[PDB]
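Peer 1: Counting in the numbering used here, the sequence shown runs from 25 upward without gaps.
The beta carbon of each residue, even a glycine, is placed where N, CA and C say it ideally should be.
My questions all concern the structure below.
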Amino acid sequence: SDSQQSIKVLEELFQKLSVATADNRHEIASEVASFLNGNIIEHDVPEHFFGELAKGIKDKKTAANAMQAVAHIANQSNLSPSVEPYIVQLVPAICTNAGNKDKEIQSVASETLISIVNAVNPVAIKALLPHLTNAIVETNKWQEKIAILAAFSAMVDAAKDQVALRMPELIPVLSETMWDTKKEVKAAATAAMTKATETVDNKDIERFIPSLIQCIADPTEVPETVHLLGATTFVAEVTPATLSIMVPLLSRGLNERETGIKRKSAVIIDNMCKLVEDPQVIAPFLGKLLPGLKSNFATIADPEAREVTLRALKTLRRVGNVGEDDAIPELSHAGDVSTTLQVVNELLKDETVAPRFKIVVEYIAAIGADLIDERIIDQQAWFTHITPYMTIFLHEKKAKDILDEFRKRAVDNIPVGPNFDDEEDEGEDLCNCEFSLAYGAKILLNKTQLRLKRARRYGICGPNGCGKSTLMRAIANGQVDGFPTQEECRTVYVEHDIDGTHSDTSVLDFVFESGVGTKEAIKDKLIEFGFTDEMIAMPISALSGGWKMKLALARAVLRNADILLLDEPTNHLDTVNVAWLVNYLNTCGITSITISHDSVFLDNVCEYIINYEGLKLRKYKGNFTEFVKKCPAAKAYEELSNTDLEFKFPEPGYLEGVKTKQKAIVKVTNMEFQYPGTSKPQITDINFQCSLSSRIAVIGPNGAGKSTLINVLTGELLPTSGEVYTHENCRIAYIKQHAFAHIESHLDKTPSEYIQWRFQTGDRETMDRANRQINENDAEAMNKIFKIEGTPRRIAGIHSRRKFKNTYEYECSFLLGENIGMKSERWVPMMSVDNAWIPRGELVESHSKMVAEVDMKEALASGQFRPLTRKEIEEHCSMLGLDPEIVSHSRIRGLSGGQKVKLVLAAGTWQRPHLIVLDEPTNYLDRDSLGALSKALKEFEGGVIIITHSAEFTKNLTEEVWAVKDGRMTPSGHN
């Protein structure tokens, strides 16, 4: 009786509802809601009421009213399981209304979908999700898609564990939606799609994510975006969901005309798919990749594109573990809805589940599959989400008993989680993370660990071009996944900072504007560090490469950084402060990571070495020397004999006069320099020569005495006085810390376009281009009176050049001087007939241009002629460690300090040079590339000036020394 009365009340309430107006709509919707959700019917449902509601939703006149009722019925805290499934059954119709021309109906529908998503017992997801996926895929109204996308997003927060298990089904749907022509839909899909991705815990494919999204909006940007894909540095763990959005793109890329696009597509396919862990995930996509790759391998001629295409094909077959006839391996459903579904059906085998409840079991299976993906394993979590759907067709006790068994069996499928357990620990715990580095699409690391204790010294090692600098860059800026932020563990990068300070400001106020305390506290730490009262009063520009390094090392000490970072600390440091740089780290009691070239520094400091074998980070129990005992290959990697690696620099260019080494091709004398504004010159009485056999080494203390000496060697700082001598066609292959600190203004370029930038110089870098050369009277001296055939003249402008004895002669117009010494002193320009050639000498004060065109020739004989093509740039830069796949693909920004300076030296030796200087060779490169760089300097037929502090790298290589002292410098050694 009381139950039948309920049917009558609902009928009266519906009558009122179908008549409601936008005014009173919400009032009765509320009435229907509060009544329907109570214990109103004894073991049954208000069948006719749900039919009226459905018929009302499909009718223009009553759609708004009826949907608003459904909205109130589906409120976040009172939706009754007795009604829930009949509400979800209405979702498809509600979706259709979300695409209705009528402004009001469309709006109410959108709102109702959100309400339902937020109201269904999280565990009943499988009953609601299908309504939403089906609605968004068949509708053509873009506002309906945006509303549903918003509903998926709310789902992630309302039922995270359940949605996680639904990802392999959701992601493909979000990916398709990102390819919708409508720009507002693409943004919304990407956002959903971002909660979705958004699960991608890094920036490897965003640093490209914003570009990829922009691309979806404007597909004409695809070509360039494919290029940029330096490479994104795919680091995470490619999944199918991801696959639904990527494959359609890559499939067309494979069938594109340009071989370059076929090649780029394969590369992306290779990198992305080797992150597939379940073959069943990629199985449905294989048919859209295999045929294209097979066809391309047979059609393309270029061997590189072929190898790339073949590599991707092998990965696809492995991942892919592909079986006969290219069958994608059976997808395990251990995590998978099919896996949890099998589990619940087995647990329900002795229970008679009516056909009408099948949809609920499936819903329950979906929820469970997501809880597992979200790693939600406790009993209460499962009771919160699943029990409410189960009591739709089962008694509470039976439901709870089966539910608890379902959870245990499902959770038991979670893979081993075997990985390891840092906790045995030591530090105290500072940072534990399984990340994937990738500088500019270039993969430096592929799923590697990196734990670190408190108050324990370290030291990253390995060969050049591996990622030593980029690893340290991600440590500070916080690009490493899992790595704690600044508030939990503040850490301070050396010299790779970005500011905006001047070149007139001193050292004291430099560390002040940052806000690192007061001047009286900063000046106390500088004097103890090494800086004298004078060096704390001079500008940062006057500081050498060493004092700048000591400054940044001192700033890290002042900032109270828990993890001091040291990028090549011994740069220009004498045997006094080096022992202190160690003596201090030994008693500070603070953690630190030190990359270093001098192995002797790592001996007195670093207690734990972190190498770089291939793409990992195998840390070495005990220190580094103990690590060598267990792993003997940690000190014998590429010195196994290797024949396809050996190299020796090209022979130097021809130089007239240099009969002895070794081409003397450079003989300066009485060279003095005084920085305008001081009181005493930097250097003085500098006698030095250079041949085509130079084995000189500037082994000494940095600063004003050593830095200016070198700056005059290459020559940025034009010497004020003293004769300079440089043999003809002598290119000084780029060396100071100039461009080493100037490569910063070239991070947007790649290692290839860096060499093309300099040599587009010019050689323009070592042809007195670096200085001024604008001193003829120089000064007021440009008006030199040349006496030709008897009368006075002045050069108005040069024309060309031609061959002459030992130098050159240029066709230059003149200015005849009539009535000189009077008051009508005027120089009248001549014609194009009275022109007369004049020698270069003793050849720069009138022929700076005619000389440079010749020096640029013999340099291309021993660039300059070496062509600027990709292949020859690959087999050249690889010689100095730099991996080819990173040379013309990943930008310089992604390259660390070990790869930044590593490239600058590969650029100068391009044009097969006559003098190869090496400003701090061990500075950035560890022992790995140092052994190779050694032999290259031993089989070279040209000059070599190794500027270094490492007394162990000069062994059996360099003899002469350029040790400065109080300014002056007398070269000793021998030959």
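Thinking just about the alpha-carbon of each residue, which of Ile710, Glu328, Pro308 and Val600 is nearest to the one in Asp990?
Peer 2: Nearest of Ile710, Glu328, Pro308 and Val600 to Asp990, Cα basis: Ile710.
Peer 1: According to DSSP, is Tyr110 part of a helix, a strand, or is it coil?
Peer 2: Three-state result, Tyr110: helix.
Peer 1: Between the Cα of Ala46 and the Cα atoms of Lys808, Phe59, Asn63 and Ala90, which residue gives the shortest distance?
Peer 2: The option with the nearest alpha carbon to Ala46 is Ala90.
Peer 1: With three or more beta-carbon pairs closer than 8 Å as the criterion, would you say the region 334–347 touches the region 282–296?
Peer 2: A contact exists between the region 334–347 and the region 282–296.
Peer 1: If I measure Cβ to Cβ from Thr599 and keep anything under 8 Å in the same chain, skipping five residues before and after, which residues do I get?
Peer 2: Counting only Cβ-Cβ distances below 8 Å, and skipping sequence neighbours, we find nothing.
Peer 1: Which residues in the same chain as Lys687 place their Cβ atom closer than 7 Å to its Cβ, once the five residues preceding and following it in sequence are excluded?
Peer 2: Closer than 7 Å at Cβ, skipping near neighbours: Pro676, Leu679, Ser715, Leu716, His751 and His938.
Peer 1: Mind checking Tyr948: buried by the 16 CB within 10 Å criterion, or exposed?
Peer 2: Looking at its Cβ environment, which holds 16 or more other Cβ atoms inside 10 Å, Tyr948 is buried.
Peer 1: According to DSSP, which residues form a beta bridge with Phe828?
Peer 2: BP columns for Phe828 point to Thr831.
Peer 1: Less than 6 Å between C-beta atoms, sequence neighbours within five positions excluded: which residues of the same chain meet that for residue 2?
Peer 2: With the chain covering 25 to 999 only, the question about residue 2 has no answer from this structure.
Peer 1: Roughly how many angstroms lie between the CA atoms of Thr86 and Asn121, to the nearest whole one?
Peer 2: Cα-Cα distance, rounded: 12 Å.
Peer 1: With the cut-off set at 7 Å, would you say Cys630 and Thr618 are in Cβ contact?
Peer 2: Result yes, Cβ atoms of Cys630 and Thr618 sit closer than 7 Å.
Peer 1: Using DSSP with H/G/I as helix, E/B as strand and the rest coil, what is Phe59?
Peer 2: Three-state result, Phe59: helix.
Peer 1: Is it a yes or a no for the region 487–500 touching the region 919–927, going by three-plus beta-carbon pairs under 8 Å?
Peer 2: Yes: the two stretches touch, three or more of their Cβ pairs being nearer than 8 Å.
Peer 1: Is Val271 near the ligand ATP, in the sense that its beta carbon is under 6 Å from a heavy atom of that ligand?
Peer 2: Because no ligand of any kind appears in the structure shown, any question about the ligand ATP cannot be addressed here.
Peer 1: By DSSP, does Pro353 sit in helix, in strand, or in coil?
Peer 2: Looking at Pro353 - three-state DSSP - the assignment turns out to be coil, as it is neither helix nor strand.
Peer 1: Considering just the uninterrupted stretch of the beta strand (DSSP E) at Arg719, what are its terminal residues?
Peer 2: It spans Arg719 to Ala721 - the beta strand (DSSP E) in which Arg719 sits, taken as one unbroken run.
Peer 1: Could you pull out every unbroken beta strand (DSSP E) segment of at least 3 residues lying fully inside the region 966–994, listed in chain order?
Peer 2: The region 966–994 contains these whole beta strand (DSSP E) runs: 968–971.
Peer 1: What residues in its chain sit with their C-beta under 6 Å from that of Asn470, if we drop five residues either side in the sequence?
Peer 2: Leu639, listed in sequence order.
Peer 1: Check the C-beta distance from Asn795 over to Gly746 and give it rounded, since I have them as a contact under 8 Å.
Peer 2: The Cβ separation is near 14 Å, so there is no contact.
Peer 1: Let me know the secondary structure DSSP gives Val690 once reduced to three states.
Peer 2: It is a strand residue.
Peer 1: Considering only the alpha carbon of each residue, which of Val435, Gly541, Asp453 and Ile587 lies closest to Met496?
Peer 2: That would be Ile587, whose Cα lies nearest to the Cα of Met496.
Peer 1: Would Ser527 be called buried (16 or more neighbouring beta carbons within 10 Å of its own) or exposed?
Peer 2: The residue in question, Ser527, is exposed, as its Cβ has fewer than 16 Cβ neighbours within 10 Å.
Peer 1: When we look at the beta-carbon of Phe444 and count the other beta-carbons within 10 Å, is it buried (16 or more) or exposed?
Peer 2: Exposed, since its Cβ has fewer than 16 Cβ neighbours within 10 Å.
Peer 1: Can the beta-carbon of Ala576 be found less than 7 Å from the beta-carbon of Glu519?
Peer 2: For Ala576 and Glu519, yes; Cβs fall inside 7 Å.
Peer 1: Applying the 10 Å Cβ sphere with the 16-neighbour rule, what's the burial state of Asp943?
Peer 2: When all chains shown are included, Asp943 counts as buried.
Peer 1: So, using beta-carbon positions, are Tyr463 and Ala148 closer together than 7 Å?
Peer 2: Taking 7 Å as the Cβ cut-off, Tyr463 and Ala148 do not qualify as a contacting pair.
Peer 1: In terms of DSSP beta bridges, what is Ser139 paired with?
Peer 2: Answer is none; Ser139 lacks a bridge partner.
Peer 1: State the Cα-Cα distance for the pair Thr972 and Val941, rounded to the nearest angstrom.
Peer 2: Cα to Cα, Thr972 sits roughly 11 Å from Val941.
Peer 1: Quick check on the burial criterion: 16 or more other C-beta atoms within 10 angstroms. Buried or exposed for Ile551?
Peer 2: Exposed, since its Cβ has fewer than 16 Cβ neighbours within 10 Å.
Peer 1: Thinking C-beta only, is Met880 closer than 7 Å to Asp787?
Peer 2: In contact: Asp787 and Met880 (Cβ atoms closer than 7 Å).
Peer 1: Among residues of its own chain, excluding the 5 on either side of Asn601, which ones have a beta-carbon nearer than 6 Å to its beta-carbon?
Peer 2: Contacts found: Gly554.
Peer 1: Going by Cα to Cα distance, which pick from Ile229, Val652 and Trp604 is closest to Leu461?
Peer 2: For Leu461, the nearest C-alpha among the options comes from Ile229.
Peer 1: I'd like to know whether the C-beta atoms of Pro353 and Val305 end up nearer to each other than 7 Å.
Peer 2: No. Outside cutoff.
Peer 1: Exposed or buried, which one is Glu984 when buried takes at least 16 other CB atoms within 10 Å?
Peer 2: Buried, since its Cβ has 16 or more Cβ neighbours within 10 Å.
Peer 1: Verify whether the separation of the beta carbon atoms of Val246 and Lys219 is less than 7 Å.
Peer 2: No.
Peer 1: Among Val531, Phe810, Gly541 and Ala987, whose alpha-carbon lies nearest the alpha-carbon of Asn859?
Peer 2: For the residues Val531, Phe810, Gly541 and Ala987, the minimum Cα distance to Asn859 belongs to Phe810.
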